[PDB]
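Q: A single structure is presented below for examination.
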Amino acid sequence: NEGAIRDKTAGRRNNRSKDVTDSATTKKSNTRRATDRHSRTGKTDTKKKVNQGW
Amino acid sequence: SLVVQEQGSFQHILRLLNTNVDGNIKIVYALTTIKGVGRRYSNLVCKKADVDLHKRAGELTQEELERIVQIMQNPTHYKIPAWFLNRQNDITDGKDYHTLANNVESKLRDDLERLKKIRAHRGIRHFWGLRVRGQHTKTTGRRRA
Amino acid sequence: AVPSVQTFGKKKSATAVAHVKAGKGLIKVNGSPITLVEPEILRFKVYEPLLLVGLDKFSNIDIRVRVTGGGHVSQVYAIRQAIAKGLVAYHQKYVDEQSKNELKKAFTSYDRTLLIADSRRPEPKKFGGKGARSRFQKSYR
Amino acid sequence: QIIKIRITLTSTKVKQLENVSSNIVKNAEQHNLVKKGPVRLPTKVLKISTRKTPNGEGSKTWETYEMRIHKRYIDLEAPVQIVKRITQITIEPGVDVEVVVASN
Amino acid sequence: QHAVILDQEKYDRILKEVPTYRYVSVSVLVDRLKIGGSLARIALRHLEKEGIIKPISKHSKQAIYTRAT
Amino acid sequence: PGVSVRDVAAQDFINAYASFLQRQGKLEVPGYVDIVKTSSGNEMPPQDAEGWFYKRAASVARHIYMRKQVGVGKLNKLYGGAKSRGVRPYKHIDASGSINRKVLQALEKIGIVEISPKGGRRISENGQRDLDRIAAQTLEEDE
Amino acid sequence: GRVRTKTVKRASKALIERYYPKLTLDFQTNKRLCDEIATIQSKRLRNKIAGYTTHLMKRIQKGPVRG
Amino acid sequence: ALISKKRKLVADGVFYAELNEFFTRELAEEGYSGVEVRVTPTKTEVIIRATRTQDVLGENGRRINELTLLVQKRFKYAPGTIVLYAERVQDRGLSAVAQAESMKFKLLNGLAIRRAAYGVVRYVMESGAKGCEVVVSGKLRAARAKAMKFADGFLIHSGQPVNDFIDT
Amino acid sequence: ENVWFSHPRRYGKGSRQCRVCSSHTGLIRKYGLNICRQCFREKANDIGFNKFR
Amino acid sequence: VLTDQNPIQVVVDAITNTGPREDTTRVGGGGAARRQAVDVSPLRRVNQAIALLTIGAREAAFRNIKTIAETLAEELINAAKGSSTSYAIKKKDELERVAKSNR
RNA sequence: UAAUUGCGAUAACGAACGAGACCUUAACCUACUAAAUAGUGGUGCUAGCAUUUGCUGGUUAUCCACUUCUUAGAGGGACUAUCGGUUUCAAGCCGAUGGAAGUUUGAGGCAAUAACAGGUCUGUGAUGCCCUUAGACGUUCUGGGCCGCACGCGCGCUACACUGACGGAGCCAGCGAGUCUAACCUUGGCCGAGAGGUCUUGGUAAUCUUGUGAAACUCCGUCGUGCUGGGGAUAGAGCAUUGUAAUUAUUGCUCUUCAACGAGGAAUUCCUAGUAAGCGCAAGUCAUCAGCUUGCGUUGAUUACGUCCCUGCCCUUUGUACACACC
Ligand SMILES: [Mg+2]
Ligand SMILES: [Mg+2]
Ligand SMILES: [Mg+2]
Ligand SMILES: [Mg+2]
Ligand SMILES: [Mg+2]
Ligand SMILES: [Mg+2]
Ligand SMILES: [Mg+2]
Ligand SMILES: [Mg+2]
Ligand SMILES: [Mg+2]
Ligand SMILES: [Mg+2]
Ligand SMILES: [Mg+2]
Ligand SMILES: [Mg+2]
Ligand SMILES: [Mg+2]
Ligand SMILES: [Mg+2]
Ligand SMILES: [Mg+2]
Ligand SMILES: [Mg+2]
Ligand SMILES: [Mg+2]
Ligand SMILES: [Mg+2]
Ligand SMILES: [Mg+2]
Ligand SMILES: [Mg+2]
Ligand SMILES: [Mg+2]
Ligand SMILES: [Mg+2]
Ligand SMILES: [Mg+2]
Ligand SMILES: [Mg+2]
Ligand SMILES: [Mg+2]
Ligand SMILES: [Mg+2]
Ligand SMILES: [Mg+2]
Ligand SMILES: [Mg+2]
Ligand SMILES: [Mg+2]
Ligand SMILES: [Mg+2]
Ligand SMILES: [Mg+2]
Ligand SMILES: [Mg+2]
Ligand SMILES: [Mg+2]
Ligand SMILES: [Mg+2]
Ligand SMILES: [Mg+2]
Ligand SMILES: [Mg+2]
Ligand SMILES: [Mg+2]
Ligand SMILES: [Mg+2]
Ligand SMILES: [Zn+2]
């Protein structure tokens, strides 16, 4: 604590003087919706497989 | 029916405990302007002081003002119990006080300085200016100042 | 045996039970005079059964009423309904039927439920809001 | 040797407990014991409310399950056999039966 | 500001005026002269002692009052 | 031709009975009586410090009279109101126990009430007299 | 609102077809008729059936029906 | 003793549920379709309904003795205060549980899909039901999974009838 | 054989569990059910809890 | 107290005098949209009159100490024989002045 | 028509799923069967006021009678009834009357064929595969963290006050839960301003808590438009409770501290009758902790009885080079 309390900088008004990173007002950005139907595995199947089991 | 006139007997803006009380209001509420007296303490004070509470503060002859004051700074001796008192079982001194007027600001700082000298986590939070009790600081208390 | 009758009336969950027997004509609610009913401004609502048919009709009968359930307004309407409903059920039994129908027809002409229970009951609160129809507030983006 | 007996029947299915009550009611006053007929005790509804969802997602959908418990009692006055008979002769799955000596 | 005590000039104002108004209440006394409204109320029960004011209704929220007679 | 306290309105009765027990002079109003709020759910002390305890004592008299027996815990819940939690929602909080318990105790000293069996406190034949007697006074006072 | 289904309008067209001499212009009696000349599984259905047939009968005596 | 009636009936229903499962895991190979618990004064009765009864009640009363002893130890019954019985079944082709266990046992045994689902739908039909439905979900082979709905006959899905005449 | 292997288990979640699946999460304790609400809907029929409304 | 008369006779008069005789509806209007002058049902004349007067009394008495009862009377008496110092009288006259325009 | 609900039109006829029927719950039953674990009248015994007999009580059984209120079995009841106005003279709609109820009587349960790479492998001793498996990604123990605060955004709680606050006083709910091989729901007495403490008690419960004497609300008073006695954030000091453990304040209590907030910009949500909104209560969780939720009742409206302007959605037509189907 004696470290902490003594520390300048890390006090409050200092945080208040700094302007707030643009990443605070940011959007979540949603990161890949429009690829959702397309299968990214690239394997797919074969009518011989789709047939035996079903 | 208290309907009454007087002449010079009513006086607006008198002064006690280094503060200016409103000369127009009821005395229980006129006194609460003093730091350290709330509605419950001013109310009990007028009661031990043989003061008719139906009066405005602009009534209350100087005698009666002197009674309110002595009682105010000696509550423990007027049958006012210890649990009615804002600073109890002090820390150092150890006795039952009721602090008033500009001393409330003082003793408050003393306490604050105390655990700040001791560097307990609570004074740390005071020093920074953060919330002292256990609340979440994430969403609330913005706009600061 | 004595000539008694027992009627009731209801508004919401309040239910008032009335005892009409031949007698000196005291009208009491919860063992207390009907003049002291103090939902207050509503007091004539319990006076109404008497003032429509006439005050003379209660000279030959005592009225005991007792209420439970509901709230302070709904008990007013449950005793005013059990008082008007006990008057006719005393006349249905113990006096002529053409008189009972002048009682009923003076009530129903002015009635506010007066002899016929109000059927409004509370709706249930469904999940998704604070009430039956009230929904919690939504957001979208 | 007439006792004063209290039979209490509690069950979740109405139609089995109704005709166990009616089989105690008929057989008791068939040969004339006293009566003290079935006293219906308010049916207790045990409600449970959970979210339909496992995990947390989707519209916040609430299902509420009921178990309904129905109680009644009958009071018979009779000795010896018609005590231990009327207990054990009128019996049925899902119907809970208990018989009390008197009072305490 | 308003007046929370009588000046004896305000006491004279009261009795030589209030019989003029047909309607008197808590607010009529406050607006018409100036009064703390706590001492309008004390004026109302006092003006009623020997009526220059006749109650047609009273209540905790509202006091309704009429000219002397 | 005979009167019961049920024949006198609630407020007019407790009014003229709480100004009767203050005249009577024998109550035993407790030693605090000026510093108390009557409820942990209240804010300020009662505005009439003089006659509030007789006001409550006359209430508890008229309230136990109309019933079989009632205890301290039931007077608390009866006199406890809505407590402002501040920025948190209101809820009901029971009133002060020492107030009511010392009303039942002090009422026992004039004999307006007595220990009941079953528990609680019940109106006493003497106190049934005194309430009914002033029930008539208030009734007869208004002629 | 209030519209009667086919399962109700088909019992009403079927009864009147056979039982016309036995039916009436009064709901109450035909209700009872439905317990005799029909087996209907719930009380409401019976009430709903008879209530329609009589509506038919009522306007049958008015004029002939396409039904 | 001394439970509440609200809590006791609830604790009883739990006792049905946990017992019903145990026999499903243990008697699965014998075709267990369900149980009934009978509480009578002195001897609570437990009745097991499983299409292979002789495998339930084992060699000369054994293995129904294993099952009672397990129940006894489990639920803290004094020996003899609880008894196990065995029934054959009423028309196993009319039981949901029976056909689902029958299906699981067809696939697992090396059958294929349509034949097993059409086999069971036909048996439920020839056993005199009104209708039949068998729905196999999951991946019957190869990565992406689909569903197969096999059905025949008549089914109502909607009202209180769904409780009376259909079991799933 | 040696203490040092445990800590007070007397109350709170984690003295509890669904008597089926052992989850301490979202248990239904009402009426002493002690089944988690996820298993409780699976067994609600066999327990005799049904939905009329 | 103020008017004698019948206190109920004047609320009637106030309600009759504060119903807007004709009114305005919002036409589709092609972007910035023209308002059409339409006459108003006598049930709406009663509905809207009662709203105007209570709203008038609600706004006046808010941060005035004066009670709702006194402001309602101040509202109702003024509206009875229309003063134009009443909230509802002012709103009606403006609602009719606009109707007379945009026809 | 809420409805592929029907009337009709008819190369269609006759039908099935879904809809409806169904079930549950809320309204009516002075009709049936009963009840000290529900009540009511009478009689005993007994208190007080009155003297006129009467009024108001007390007594868990003194005793008799009843089922109106309460409980829940079995039934009954609505069918949109009756008359009238419309229309293809069709299904239906609208009006009035009567009725407990005429909006599918209110509100729910259930709910077709297909579809989504929607969420859930952190509910599961459901699980394929990969990963790790003794310096473990197993498990336990100590402590810390999930709450960390320049800020952006969602659900909310408290407010700006006089249709109020404060003090007395009046005083009325419904849904509920609750103690065994064990600490529950707790009356009553006593102590304590309080929170709380304590000695006892009833209840495994229509029996005791409990009339849950809840809150809004009503009456009388005080304050008087002044960030005021509106508001109660932030903080200081002291006392209690839960717990092995309360510091980064679990919660509660006491006195003091008395901030923003003066009706909220562009936007935007929910709602048609016991509903909106106001109000509290129980249940879940819970050792302690509700500003949350699931239900419950109390007080109780203004406005509509409509339209396709806006925002969705569906259907028909239509176009297609799409069909893994405009990701
Ligand atoms: Mg101060
Ligand atoms: Mg916080
Ligand atoms: Mg900021
Ligand atoms: Mg109740
Ligand atoms: Mg989870
Ligand atoms: Mg209260
Ligand atoms: Mg109160
Ligand atoms: Mg608050
Ligand atoms: Mg056909
Ligand atoms: Mg069907
Ligand atoms: Mg359906
Ligand atoms: Mg351990
Ligand atoms: Mg169509
Ligand atoms: Mg069909
Ligand atoms: Mg029925
Ligand atoms: Mg009518
Ligand atoms: Mg419906
Ligand atoms: Mg579905
Ligand atoms: Mg995905
Ligand atoms: Mg899973
Ligand atoms: Mg999780
Ligand atoms: Mg978290
Ligand atoms: Mg932290
Ligand atoms: Mg949300
Ligand atoms: Mg108040
Ligand atoms: Mg206690
Ligand atoms: Mg102390
Ligand atoms: Mg009871
Ligand atoms: Mg109860
Ligand atoms: Mg202030
Ligand atoms: Mg305040
Ligand atoms: Mg921390
Ligand atoms: Mg601390
Ligand atoms: Mg919108
Ligand atoms: Mg916590
Ligand atoms: Mg809680
Ligand atoms: Mg939550
Ligand atoms: Mg079409
Ligand atoms: Zn589980």
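Residues in the structure tokens are named by chain (A, B, ... in the order shown) and by number from 1 within that chain; ligands are numbered from 1 in the order shown.
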I'd like the contact shell of residue 89 of chain D - 10 Å cut-off, only C-alpha atoms (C1' of nucleotides), skipping same-chain residues fewer than 5 positions apart - returned as an MDAnalysis selection string.
A: chainID D and resid 20 23:24 82 84
Q: Now that the selection is made, can you save its residues with N, CA and C atoms as a short mmCIF file (atom, residue, chain, number, x, y, z; two decimals), in the first residue's frame?
A:
data_model
loop_
_atom_site.label_atom_id
_atom_site.label_comp_id
_atom_site.auth_asym_id
_atom_site.auth_seq_id
_atom_site.Cartn_x
_atom_site.Cartn_y
_atom_site.Cartn_z
N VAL D 20 -62.58 -44.21 -3.12
CA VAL D 20 -62.16 -44.81 -1.86
C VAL D 20 -62.88 -44.13 -0.70
N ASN D 23 -66.35 -45.58 -0.94
CA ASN D 23 -66.37 -46.97 -0.47
C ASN D 23 -66.23 -47.06 1.04
N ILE D 24 -65.54 -46.11 1.66
CA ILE D 24 -65.58 -46.01 3.11
C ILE D 24 -66.93 -45.45 3.56
N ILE D 82 -64.19 -53.94 12.47
CA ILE D 82 -64.54 -52.89 11.52
C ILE D 82 -63.54 -51.73 11.55
N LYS D 84 -59.81 -52.44 11.86
CA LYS D 84 -58.75 -53.02 11.04
C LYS D 84 -59.25 -53.54 9.69
#
Q: So which residues touch residue 47 of chain I within 6 Å, counting only C-alpha atoms (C1' of nucleotides), skipping near sequence neighbours fewer than 4 positions away, as a list in words?
A: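 Counting only C-alpha atoms (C1' of nucleotides), the residues come to residues 13, 14 and 17 of chain H.
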Q: Skipping near chain neighbours, those fewer than 2 positions away, what residues fall within 12 Å of residue 115 of chain B using only C-alpha atoms (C1' of nucleotides), listed as a list in words?
A: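 Listed by chain and then number, they are residues 1, 2 and 5 of chain A; 91, 108, 109, 110, 111, 112, 113, 117, 118, 119, 120, 121, 122, 123, 124, 125, 126 and 127 of chain B.
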Q: Using only C-alpha atoms (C1' of nucleotides), can you tell me which of K:322, K:224, K:263, K:236 comes closest to chain E?
A: K:224
Q: Could you list the residues in chain K lying within 7 Å of chain B, using only C-alpha atoms (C1' of nucleotides), and format the result as a PDB file with N, CA, C and O atoms (P, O5', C5', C4', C3', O3' and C1' of nucleotides), in the first residue's frame?
A:
ATOM      1  P     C K 147     -17.675  -8.777 -12.820  1.00  0.00           P
ATOM      2  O5'   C K 147     -17.414  -7.660 -11.723  1.00  0.00           O
ATOM      3  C5'   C K 147     -18.384  -6.648 -11.503  1.00  0.00           C
ATOM      4  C4'   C K 147     -17.941  -5.652 -10.462  1.00  0.00           C
ATOM      5  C3'   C K 147     -16.466  -5.241 -10.499  1.00  0.00           C
ATOM      6  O3'   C K 147     -16.375  -3.857 -10.138  1.00  0.00           O
ATOM      7  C1'   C K 147     -17.004  -6.017  -8.354  1.00  0.00           C
ATOM      8  P     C K 149     -11.568   0.691  -9.604  1.00  0.00           P
ATOM      9  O5'   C K 149     -10.773   1.698 -10.550  1.00  0.00           O
ATOM     10  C5'   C K 149     -11.152   3.074 -10.626  1.00  0.00           C
ATOM     11  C4'   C K 149     -11.222   3.582 -12.044  1.00  0.00           C
ATOM     12  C3'   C K 149     -12.441   4.452 -12.353  1.00  0.00           C
ATOM     13  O3'   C K 149     -12.081   5.438 -13.310  1.00  0.00           O
ATOM     14  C1'   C K 149     -12.422   2.582 -13.799  1.00  0.00           C
ATOM     15  P     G K 236     -15.772   7.243   4.890  1.00  0.00           P
ATOM     16  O5'   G K 236     -15.863   7.957   6.302  1.00  0.00           O
ATOM     17  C5'   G K 236     -15.006   9.040   6.601  1.00  0.00           C
ATOM     18  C4'   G K 236     -15.443   9.765   7.842  1.00  0.00           C
ATOM     19  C3'   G K 236     -15.690   8.902   9.060  1.00  0.00           C
ATOM     20  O3'   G K 236     -14.494   8.494   9.707  1.00  0.00           O
ATOM     21  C1'   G K 236     -17.482  10.412   8.799  1.00  0.00           C
ATOM     22  P     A K 237     -14.329   6.971  10.188  1.00  0.00           P
ATOM     23  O5'   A K 237     -15.256   6.944  11.480  1.00  0.00           O
ATOM     24  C5'   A K 237     -15.040   7.921  12.491  1.00  0.00           C
ATOM     25  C4'   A K 237     -16.125   7.981  13.542  1.00  0.00           C
ATOM     26  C3'   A K 237     -16.658   6.667  14.089  1.00  0.00           C
ATOM     27  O3'   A K 237     -15.772   6.016  14.996  1.00  0.00           O
ATOM     28  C1'   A K 237     -18.458   8.111  13.660  1.00  0.00           C
ATOM     29  P     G K 238     -15.703   4.403  15.087  1.00  0.00           P
ATOM     30  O5'   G K 238     -17.090   4.018  15.773  1.00  0.00           O
ATOM     31  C5'   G K 238     -17.301   4.289  17.154  1.00  0.00           C
ATOM     32  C4'   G K 238     -18.749   4.180  17.590  1.00  0.00           C
ATOM     33  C3'   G K 238     -19.400   2.808  17.555  1.00  0.00           C
ATOM     34  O3'   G K 238     -18.982   1.938  18.587  1.00  0.00           O
ATOM     35  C1'   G K 238     -20.893   4.373  16.671  1.00  0.00           C
ATOM     36  P     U K 248     -12.362  -1.400   2.897  1.00  0.00           P
ATOM     37  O5'   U K 248     -12.863  -2.131   1.570  1.00  0.00           O
ATOM     38  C5'   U K 248     -13.506  -1.423   0.509  1.00  0.00           C
ATOM     39  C4'   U K 248     -13.749  -2.310  -0.701  1.00  0.00           C
ATOM     40  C3'   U K 248     -14.377  -3.688  -0.428  1.00  0.00           C
ATOM     41  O3'   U K 248     -15.247  -4.039  -1.514  1.00  0.00           O
ATOM     42  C1'   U K 248     -12.287  -3.972  -1.500  1.00  0.00           C
ATOM     43  P     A K 249     -16.536  -4.981  -1.299  1.00  0.00           P
ATOM     44  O5'   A K 249     -16.985  -4.711   0.203  1.00  0.00           O
ATOM     45  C5'   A K 249     -17.765  -3.583   0.555  1.00  0.00           C
ATOM     46  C4'   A K 249     -17.289  -3.007   1.856  1.00  0.00           C
ATOM     47  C3'   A K 249     -18.098  -3.357   3.092  1.00  0.00           C
ATOM     48  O3'   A K 249     -17.886  -4.691   3.542  1.00  0.00           O
ATOM     49  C1'   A K 249     -17.575  -1.058   3.119  1.00  0.00           C
ATOM     50  P     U K 254     -32.581   4.001  12.068  1.00  0.00           P
ATOM     51  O5'   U K 254     -31.500   4.743  12.968  1.00  0.00           O
ATOM     52  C5'   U K 254     -31.630   4.738  14.384  1.00  0.00           C
ATOM     53  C4'   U K 254     -30.485   5.450  15.068  1.00  0.00           C
ATOM     54  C3'   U K 254     -30.067   6.774  14.460  1.00  0.00           C
ATOM     55  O3'   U K 254     -30.896   7.838  14.882  1.00  0.00           O
ATOM     56  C1'   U K 254     -28.149   5.458  14.903  1.00  0.00           C
ATOM     57  P     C K 255     -31.433   8.890  13.808  1.00  0.00           P
ATOM     58  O5'   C K 255     -30.363  10.063  13.877  1.00  0.00           O
ATOM     59  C5'   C K 255     -30.044  10.643  15.128  1.00  0.00           C
ATOM     60  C4'   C K 255     -28.620  11.130  15.177  1.00  0.00           C
ATOM     61  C3'   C K 255     -28.204  12.091  14.085  1.00  0.00           C
ATOM     62  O3'   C K 255     -28.637  13.413  14.320  1.00  0.00           O
ATOM     63  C1'   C K 255     -26.514  10.476  14.406  1.00  0.00           C
ATOM     64  P     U K 256     -29.094  14.293  13.070  1.00  0.00           P
ATOM     65  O5'   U K 256     -27.735  14.539  12.254  1.00  0.00           O
ATOM     66  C5'   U K 256     -26.752  15.447  12.738  1.00  0.00           C
ATOM     67  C4'   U K 256     -25.369  15.271  12.130  1.00  0.00           C
ATOM     68  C3'   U K 256     -25.163  15.693  10.689  1.00  0.00           C
ATOM     69  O3'   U K 256     -25.080  17.092  10.524  1.00  0.00           O
ATOM     70  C1'   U K 256     -24.013  13.672  11.095  1.00  0.00           C
TER      71        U K 256
END
Q: Pick out the residues no farther than 8 Å from ligand 16, counting only C-alpha atoms (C1' of nucleotides) and all ligand atoms, and list them as an NGL selection string.
A: :K and (97-99)
Q: Applying 10 Å and only C-alpha atoms (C1' of nucleotides), which residues near residue 45 of chain J remain after dropping the ones on its own chain fewer than 2 positions away? List them as number ranges by chain.
A: J: 15-22, 40-43, 47-50
Q: What residues of the protein or nucleic acid chains come within 12 Å of ligand 29 when you use only C-alpha atoms (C1' of nucleotides) and all ligand atoms? Reply as a list in words.
A: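 Written in the requested form, the residues are residues 42 of chain D; 37, 38, 174, 176, 177, 203, 205, 206, 207, 208, 209, 210, 211 and 212 of chain K.
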